[PDB]
């Protein structure tokens, strides 16, 4: 499974909309500090998924231009991402929010801050992981 280049940046033609799903799989590097998945719109980051091993947390936020909003860190269970372990992320878009699952199990919801879904037409993946697959 040859890896994707990192960072990986690709446009999501048509943008987002209810029932739209973005899937990603790969492996967290052995000594990973952090890695992220961004759903961007022009110059803004509509959704920022930032798992942090240095902080043992999963940070989610939105950046408008140069401004980060208020972070959301709550998790229903233990940090699902593990160093050196393969993973899969399923981002499902709904009308009111994004639903994120990790390794087949729902993890959290993120209410839209940028609601013009069609304008969220760019995916960026970077950080300490080996990206092996993307389904947009």
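Numbering follows the first chain given and starts at 1.
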Once average C-alpha B-factors are taken from the entry for 93-101 and 45-53, the winner is 93-101
Taking the deposited Cα B-factors and averaging over 108-116 and over 9-17, the higher mean is found in 9-17
Reading the B-factor column for Cα atoms of 31, 62, 38, 66, the highest value belongs to 66
Residue 3: CA B-factor among chain residues, third -> highest
